[PDB]
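So that the names make sense, note that chain A is the first sequence line, chain B the second, and so on, each numbered from 1. Just the heavy atoms: all of them, side chains too, but no hydrogens, waters or symmetry mates, feed the values below.
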Amino acid sequence: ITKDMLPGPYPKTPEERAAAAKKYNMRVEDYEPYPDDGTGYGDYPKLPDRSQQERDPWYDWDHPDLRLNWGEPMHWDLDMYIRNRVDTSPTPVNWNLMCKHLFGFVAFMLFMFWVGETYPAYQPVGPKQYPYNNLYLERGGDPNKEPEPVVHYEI
Amino acid sequence: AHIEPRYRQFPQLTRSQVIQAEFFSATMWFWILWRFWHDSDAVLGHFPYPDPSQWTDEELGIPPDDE
Amino acid sequence: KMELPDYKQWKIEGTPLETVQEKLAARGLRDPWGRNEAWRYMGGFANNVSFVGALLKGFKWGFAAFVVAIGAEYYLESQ
Amino acid sequence: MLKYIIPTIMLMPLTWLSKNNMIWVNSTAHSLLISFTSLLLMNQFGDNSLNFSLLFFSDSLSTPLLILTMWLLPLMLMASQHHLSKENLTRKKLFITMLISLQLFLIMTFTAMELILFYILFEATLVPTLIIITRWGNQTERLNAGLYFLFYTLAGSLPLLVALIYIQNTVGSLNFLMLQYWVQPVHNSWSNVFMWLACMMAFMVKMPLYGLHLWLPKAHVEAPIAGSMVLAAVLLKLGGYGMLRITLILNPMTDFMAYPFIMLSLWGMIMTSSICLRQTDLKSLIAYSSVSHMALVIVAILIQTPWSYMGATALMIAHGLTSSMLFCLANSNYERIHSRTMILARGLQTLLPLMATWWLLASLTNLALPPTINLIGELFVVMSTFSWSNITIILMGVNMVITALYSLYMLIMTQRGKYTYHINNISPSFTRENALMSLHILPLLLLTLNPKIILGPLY
Amino acid sequence: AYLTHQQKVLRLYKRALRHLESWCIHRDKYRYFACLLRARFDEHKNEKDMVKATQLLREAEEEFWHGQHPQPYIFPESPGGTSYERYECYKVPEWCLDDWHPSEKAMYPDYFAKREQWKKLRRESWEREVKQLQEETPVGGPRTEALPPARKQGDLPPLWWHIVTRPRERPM
Amino acid sequence: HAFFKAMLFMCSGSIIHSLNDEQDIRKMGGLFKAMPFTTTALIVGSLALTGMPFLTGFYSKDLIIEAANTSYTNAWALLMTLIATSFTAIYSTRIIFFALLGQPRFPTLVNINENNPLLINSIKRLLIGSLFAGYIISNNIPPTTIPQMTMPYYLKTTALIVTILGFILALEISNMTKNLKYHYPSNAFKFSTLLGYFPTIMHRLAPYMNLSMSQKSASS
Amino acid sequence: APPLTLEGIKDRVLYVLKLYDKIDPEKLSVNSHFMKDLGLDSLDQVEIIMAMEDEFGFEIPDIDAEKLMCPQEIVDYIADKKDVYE
Amino acid sequence: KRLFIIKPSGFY
Amino acid sequence: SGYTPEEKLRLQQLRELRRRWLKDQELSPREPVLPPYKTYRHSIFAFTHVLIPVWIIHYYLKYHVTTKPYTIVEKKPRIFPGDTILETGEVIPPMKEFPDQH
Amino acid sequence: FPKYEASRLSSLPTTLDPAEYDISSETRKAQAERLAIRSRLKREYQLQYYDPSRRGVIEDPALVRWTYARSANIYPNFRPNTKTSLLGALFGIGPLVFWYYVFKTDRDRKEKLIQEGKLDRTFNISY
Amino acid sequence: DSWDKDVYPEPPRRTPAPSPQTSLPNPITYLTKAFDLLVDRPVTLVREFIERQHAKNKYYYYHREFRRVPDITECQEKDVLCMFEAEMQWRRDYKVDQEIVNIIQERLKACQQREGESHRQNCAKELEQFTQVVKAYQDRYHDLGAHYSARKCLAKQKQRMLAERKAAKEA
Amino acid sequence: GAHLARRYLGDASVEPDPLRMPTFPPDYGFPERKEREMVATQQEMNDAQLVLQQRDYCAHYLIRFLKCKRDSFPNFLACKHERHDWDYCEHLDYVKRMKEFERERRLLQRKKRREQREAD
Ligand SMILES: CCCCCCCCCCCCO[C@@H]1O[C@H](CO)[C@@H](O[C@H]2O[C@H](CO)[C@@H](O)[C@H](O)[C@H]2O)[C@H](O)[C@H]1O
Ligand SMILES: CCCCCCCCCCCCO[C@@H]1O[C@H](CO)[C@@H](O[C@H]2O[C@H](CO)[C@@H](O)[C@H](O)[C@H]2O)[C@H](O)[C@H]1O
Ligand SMILES: CCCCCCCCCCCCO[C@@H]1O[C@H](CO)[C@@H](O[C@H]2O[C@H](CO)[C@@H](O)[C@H](O)[C@H]2O)[C@H](O)[C@H]1O
Ligand SMILES: CCCCCCCCCCCCO[C@@H]1O[C@H](CO)[C@@H](O[C@H]2O[C@H](CO)[C@@H](O)[C@H](O)[C@H]2O)[C@H](O)[C@H]1O
Ligand SMILES: CCCCCCCCCCCCO[C@@H]1O[C@H](CO)[C@@H](O[C@H]2O[C@H](CO)[C@@H](O)[C@H](O)[C@H]2O)[C@H](O)[C@H]1O
């Protein structure tokens with residue numbers, strides 16, 4: 001295409017805002033560029049940061065999988081909002097409340113596990129007893145050295 | 001086909017599918033009862049559990065408080 | 001060309017749908033779709049086993065076979 | 001090496017004296033015959049390298065790179081002859097001459113026994129490479145890409161020239177065999193700090209090192225397919241090969257001079273892997289993929305361990321075939337839709353089922369699925385950097401995760417989903433395109449059966 | 001919102017019934033509660049004050065959000081259903097047949113003979129279809145996506161090819 | 001586990017196929033008699049999963065529980081494991097109650113048909129496995145430990161009783177769905193349904209932060 | 001799944017409407033407008049569409065549903081979606 | 001009734 | 001709320017075209033125009049998928065793998081008290097007497 | 001009914017938005033022009049999408065602008081200022097310095113242990 | 001046989017004689033007889049045919065013998081001709097020592113499998129031998145780096161010899 | 001068990017600590033304790049390749065079962081008596097450990113009385 005139809009610098013007048021909105025197929029009212037912080041957006045339209053999953057499933061899109069129409073300005077982060085990636089659709093539970101419940105459950109589980117590790121559950125049974133100086137030779141003890149004997153008695 | 005669909009009605013069943021299902025459901029219950037009758041310990045316990053409080057100090061060798 | 005059953009046969013009487021119409025009737029309301037649901041409570045779909053009945057499917061013949069087998073085992077063990 | 005240099009030169013008379021309609025058939029056939037004979041370089045010994053003459057030698061490091069270089073020439077000819085069909089006949093022969101002359105400089109670069117002979121050929125590869133990009137690229141920006149490629153390289157090379165000549169003055173020789181026996185340790189001093197930088201910055205720019213890599217995505221996006229193939233497969237490895245040789249004489253200073261560059265590579269590889277997740281241009285995605293892979297090679301060369309040198313050697317070969325395949329795959333799409341926008345043409349597995357198999361195989365090697373040599377190289381490097389410092393497994397682990405995400409994202413976006421409705425010129429894959437893809441993946445997968453011949457001198 | 005007030009109420013009614021159905025599961029229980037829910041809509045059916053009617057809609061939507069089923073039932077082939085887009089991988093555009101090898105086309109001599117008539121029919125009609133859209137479109141372009149029918153005999157409705165020849169919903 | 005879990009998935013496939021790709025249990029029901037062989041396998045699979053005595057699932061799961069409560073263990077992990085064993089009966093009850101019992105809730109054009117021999121034979125082989133494979137294996141593998149067999153009566157039968165209690169409670173909960181009452185959901189109900197919000201929060205937050213950093217900072 | 005036919009779809013569309021207590025089964029015809037002829041309102045028409053979705057196991061979006069105003073229109077809509085041509 | 005199945009060319 | 005007269009007419013016209021297109025998708029009787037016991041089948045399967053491979057594998061293992069050291073390493077057989085050793089004829093002594101408590 | 005606390009990743013349902021209701025002829029005029037713009041682009045696409053003789057790709061200026069915006073156009077509109085520099089300093093230099101001390105400290109600690117013989121390397125002969 | 005039992009030792013085999021305590025036929029006994037009949041015999045004859053052809057064309061290959069040359073300790077500084085030979089010899093010995101450690105590792109792993117649950121006590125000699133050889137290999141070659149040479153090896157030894165001398169002086 | 005409630009919610013000083021038990025001499029209170037006998041030799045257990053944790057004081061019964069299992073093959077339902085012998089021996093081994101716990105608890109109880117009276 002041509003330079004007049006390509007993105008440009010930040011628009012500085014009501015008229016430059018009009019030519020930009022015309023270029024991006026937008027209404028001069030609906031066109032609002034990114035703030036001119038010097039990050040390089042230029043006059044590219046800032047669009048509602050909404051996932052593509054939020055768009056109407058039943059409308060007849062030119063690109064049904066992307067839910068886009070041929071020629072409409074694409075969100076700066078379109079590739080992050082495709083249906084395979086970030087979804088911003090409303091949740092039946094508020095965002096913050098979801099975080100409180102998931103965090104609270106997890107935090108509580110971890111605390112209770114520590115409490116269960118300090119107060120372990122065990123049976124009223126003495127240590128299991130093994131023969132031959134506690135199987136000294138089997139476990140890999142040195143044959144040459146004479147182990148400290150371990151004696152087990154009846155009861 | 002060998003089985004036609006029906007509308008708003010209970011479907012058509014072959015004798016084979018009904019009989020085979022009953023045979024394997026029966027085989028499950030025969031198996032459990034047969035095993036339960038022969039291996040009831042595996043579900044209720046294989047050995048008695050002793051009561052520690054019933055053991056005398058002589059068995060445990062607890063010396064009298066005087067000594 | 002499939003043959004649908006005659007529609008006049010779907011009635012809510014004698015089904016839980018009738019209890020619904022009685023409860024709604026006590027408020028001044030009606031259920032105009034009750035007959036579109038009747039087929040789920042009539043015919044071979046009426047009377048379904050309970051959960052215990054579901055689990056106990058095949059128990060009758062399984063128990064009988066178990067009784068025979070142990071008796072057969074006993075009579076052999078004795079001799 | 002004259003049994004390879006001379007027949008490589010004879011490809012130029014062959015191309016120019018061929019009938020007008022046989023330039024591709026003749027050059028392709030005879031460049032394949034040269035590739036066949038290059039296997040004789042695998043007469044390697046356990047102790048001694050293969051030293052032919054005062055000028056050329058071939059050890060286990062240069063042998064696989066030579067074989068990669070000579071295999072790539074026929075593949076580049078196959079990949080170019082479609083988009084050059086309308087070209088003027090003489091300008092077709094000049095294009096082929098640029099590729100043949102690049103192979104000539106390359107096989108002499110990898111076998112030069114003297115480092116100043118290595119420098120000249122190492123630099124000589126710029127001219128044919130630059131001419132390919134700027135003459136036969138398609139976009140306006142190919143001119144800027146040529147300048148960035150030229151001046152990034154020269155900014156580093158010219159200091160290297162001073163350092164090598166200074167080294168010859170003090171040591172008396174630049175013969176690599178002589179350096180092995182006459183090497184003296186490098187003691188700390190600001191004078192040696194800058195000798196170290198001059199010896200390593202030229203190679204760091206070629207790899208490229210993160211931070212100094214900006215020339216690479218520019219060059220790839222503007223180069224013709226054959227240019228992108230040689231750039232990714234071989235010319236990047238001139239940095240790695242040069243570093244693996246020169247580090248001999250930089251010890252023990254490499255102990256602490258490596259730190260700033262290991263940090264750049266370890267962090268840079270995560271940064272360039274993550275950039276791939278948001279690239280809109282398919283060629284640019286593959287370019288940034290190379291930066292992430294070559295970051296591992298830089299780390300491995302700098303930690304200077306037997307396992308890391310084996311891993312770097314395998315990574316360079318494995319990356320060479322995989323990245324070349326990926327550029328060829330993206331090109332076949334481009335020859336149809338004439339755009340590099342990744343999201344433009346989707347759901348292509350429905351329209352080109354067999355080309356979707358190649359896309360799958362290429363992606364699997366790119367994410368290093370075991371036992372591919374991509375995984376062998378990447379695994380050996382990770383083992384050695386773990387001993388260098390245990391915490392590096394964190395950065396290595398994350399890169400492996402992000403590498404899988406962008407590799408399969410590229411596969412899913414282009415090959416899966418629904419096809420784009422208005423794009424209706426997706427013709428069935430040509431035999432040339434399918435044979436080109438298979439000549440990349442089959443040798444790459446065959447090398448898994450016998451990986452010792454690409455593991456380098458420390459095997 | 002381009003939806004009138006009537007459309008919003010009717011849409012809310014349907015959506016409320018479906019989420020009610022998900023809660024109730026059993027058909028008899030759903031019938032009982034769907035009628036009470038309908039009774040509530042009938043209660044304000046004649047509200048002639050738009051301000052109050054809109055206010056009733058707001059509260060109704062607020063109530064639906066609180067009471068909506070977190071995991072409502074979805075028809076399998078509906079957006080979000082377990083079979084949505086399950087068959088897109090089998091839908092192949094008809095222009096792919098122009099690339100078939102002649103030996104492939106020879107296997108279906110009758111199908112490709114008919115296909116040629118459709119392609120012939122498409123070329124012949126195109127010029128009149130562009131013309132009809134030129135004469136019926138006001139200066140400044142169209143204002144809606146609605147398309148006209150054919151106005152004569154032998155004319156085809158403009159822009160018909162990709163609706164008529166679209167892939168079958170169960171292609172393979 | 002391999003035996004009865006593969007069978008359960010195959011039984012659900014039998015139902016899904018007969019109901020024209022329907023997978024929501026709310027839209028099944030009344031299949032206990034309509035699909036007799038799929039029903040038998042589903043009940044056997046469910047009982048095997050919940051450690052019914054002497055079915056294949058009893059020979060592994062039951063030993064694990066009795067070793068768990070007779071070991072030197074975290075007391076919380078033991079308590080969590082037991083409660084989950086009760087939950088196993090509850091969700092097993094859900095599948096049977098909603099898929100098989102009650103009145104049909106599927107569309108009107110009935111096409112139920114489980115009479116393909118390939119379907120019957122494949123399930124039949126796994127059904128025999130789910131009944132005897134556990135018994136066969138336990139009696140053939142060599143012993144490599146010291147199995148714990150002495151224990152209090154209440155530790156011996158913990159697995160069985162918590163399973164039975166879950167069945168009883170699960171049945172009561174299932175029956176309440178039939179009553180003509182409407183209740184607002186509890187926070188607990190939403191938490192369970194939405195999988196503890198972990199997929200909801202984490203599969204939006206992690207992708208967003210990493211992907212946004214890739215474009216904004218790394219690239220631009 | 002057994003295929004659908006235009007005659008089969010029509011039969012079931014009428015069948016469902018004959019089980020709706022607000023319609024007169026004798027006065028019903030394929031061409032009866034739900035309001036002009038049968039004297040129903042729009043709340044009733046939403047329920048009729050809801051019942052058609054339940055009958056055939058697929059959803060008609062509200063934008064499309066509000067236009068189906070007689071039984072023949074429903075039969076046509078279903079046939080188009082299911083590729084029924086007879 | 002057997003319908004024609006539209007596929008991309010498999011010949012090449 | 002129904003269709004406008006203009007819309008209904010367009011839907012009518014597309015419908016006749018679509019149903020005609022769908023009708024044309026049917027195959028004619030002659031299409032496609034193609035170009036020019038259990039024991040036995042299970043017997044041939046066993047021969048080519050079991051016997052021939054196990055021949056190759058046994059030849060491979062016996063005369064190539066096992067000729068090299070430590071290529072196949074077996075856990076040594078368990079020896080129980082009272083066992084007799086085939087290689088030597090050595091008899092392993094029985095265990096000492098138990099208390100025989102039952 | 002606790003109200004809806006919308007977030008970045010959990011948007012606000014339109015049914016709960018006041019903006020959707022309380023419509024004015026001014027808004028309705030806006031929705032009219034938006035739809036008119038959409039239909040103008042749809043018509044221009046459909047005329048090329050349905051053209052019998054068109055074989056190729058329908059170039060979309062919206063897509064070219066998007067890709068051109070997110071690469072070639074950034075630098076001309078860049079300004080070195082407090083925001084860009086502070087962000088550049090934090091995310092470009094900062095991570096390198098952080099990782100330097102992590103690895104340098106870890107390697108220094110290990111090197112000391114090896115000299116004193118306090119790091120076990122009994123079987124470590126692969127590196 | 002095929003290898004040397006000294007380099008790769010295998011303790012003598014002890015197989016318990018069958019002691020069937022059941023009337024039932026053993027499935028393994030008959031499958032073994034079938035395997036010998038259906039697999040071993042045909043495979044054995046096919047091999048004997050191949051071994052006949054080889055016996056008609058008997059030829060030999062040899063294991064190269066490398067004369068010993070002066071090591072890097074005897075080389076004058078920067079004398080490449082003597083350094084080259086010592087350097088190549090040191091490289092050859094480095095490869096051989098690598099395979100020595102592989103042999104000792106192979107013994108260790110074969111013992112661990114052979115002894116089963118008793119490996120902990122019955123592979124003490126193999127473990128001890130492995131521990132010693134890995135210590136010797138580590139002392140020779142560890143930490144030399146990718147660019148290792150006979151010179152770097154010698155410098156590492158001298159540094160080790162110096163440390164041992166100083167500790168001995170403290171004694 | 002109840003013992004846990006006593007140790008955690010009650011006075012732990014009179015409840016054994018399973019980790020450090022026993023905390024009294026073996027013969028304290030027992031005139032002439034005998035030493036547990038072991039039937040299977042180390043070589044027999046070594047040759048039988050028993051798992052080290054199975055090489056306890058009931059190992060001789062385990063060896064008998066393992067030998068019987070091999071010799072009764074393929075009748076995988078034989079050797080039930082040998083298994084039970086081994087199981088019962090392990091039960092007796094477990095009860096011994098239970099007595100050790102009760103002994104330890106009573107000694108702790110005694111040493112608390114024997115301290116309190118000396119305290120006052
Ligand atoms: C069988 C399961 C066994 C394991 C059980 C584990 C139990 C885990 C319970 C974790 C509870 C954490 O969730 C916690 O719940 C309360 C109740 O809403 C929240 O409370 C929040 O919501 C409401 C507000 O409308 C108020 O209670 C409060 O103003 C607010 O903080 C906490 O913010 C949250 O942190
Ligand atoms: C290894 C143990 C093997 C145990 C095998 C035990 C015997 C197997 C018995 C299989 C029984 C098959 O026979 C089947 O039984 C059931 C129950 O009576 C019958 O079902 C009967 O009761 C139901 C309910 O009243 C009726 O709907 C049905 O019409 C009637 O026939 C089936 O119609 C019959 O086909
Ligand atoms: C990408 C860029 C990477 C940059 C990496 C920076 C590495 C910094 C290395 C600093 C150490 C340089 O090496 C150091 O130099 C001085 C040279 O004056 C030497 O020391 C010499 O000069 C100093 C003066 O400062 C005198 O005090 C000293 O008596 C003399 O010997 C040190 O013996 C040496 O240790
Ligand atoms: C571009 C990324 C920026 C990230 C920040 C990177 C900072 C990099 C700093 C380079 C290293 C400088 O610090 C360097 O440490 C090494 C130790 O290994 C020192 O090495 C020297 O000193 C040590 C003790 O200090 C002694 O063993 C010996 O004299 C020698 O090894 C160097 O004298 C010093 O110059
Ligand atoms: C290890 C395997 C353990 C398997 C355990 C198997 C289940 C154990 C039995 C659970 C309880 C049995 O079921 C018990 O009796 C009848 C069922 O007829 C139930 O009775 C119920 O049936 C009808 C069903 O229409 C309900 O509408 C009604 O509300 C109620 O009366 C009881 O509410 C229940 O307590």
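More than 12 non-hydrogen atoms from other residues, nucleotides or ligands lie less than 6.0 angstrom from NE2 of I:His102. Residue I:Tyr60 places its OH atom among 12 or fewer non-hydrogen atoms of other residues, nucleotides or ligands, all under 6.0 Å distant. Applying the 6.0 Å contact sphere to NZ of L:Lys111 captures no more than 12 heavy atoms from other residues, nucleotides or ligands. Around CD of I:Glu16, the count of heavy atoms belonging to other residues, nucleotides or ligands within 6.0 Å exceeds 12. When the shell of 6.0 Å around CZ of L:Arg117 is examined, it contains more than 12 heavy atoms from other residues, nucleotides or ligands.
Residue L:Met45: no heavy atom, backbone or side chain, is found under 4.5 Å from chain I. Residue L:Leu50 touches chain I through both its backbone and its side chain, counting heavy-atom pairs closer than 4.5 Å. If you measure heavy-atom distances from I:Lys76 to chain L, the contacts under 4.5 Å come from both the backbone and the side chain.
Between I:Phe98 and L:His60, the two ring planes are perpendicular [angle over 60°; tilted spans 30° to 60°].
Counting heavy atoms from C-beta on, the side chains of I:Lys96 and L:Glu44 never come closer than 4.5 Å. L:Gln49 is listed as a side-chain neighbour of I:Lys75, based on a closest heavy-atom distance under 4.5 Å. Residues I:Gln101 and L:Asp85 fail the side-chain proximity criterion, which asks for heavy atoms closer than 4.5 Å.
Residues L:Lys67 and I:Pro81 approach most closely at CD-O, 3.8 Å, considering heavy atoms.
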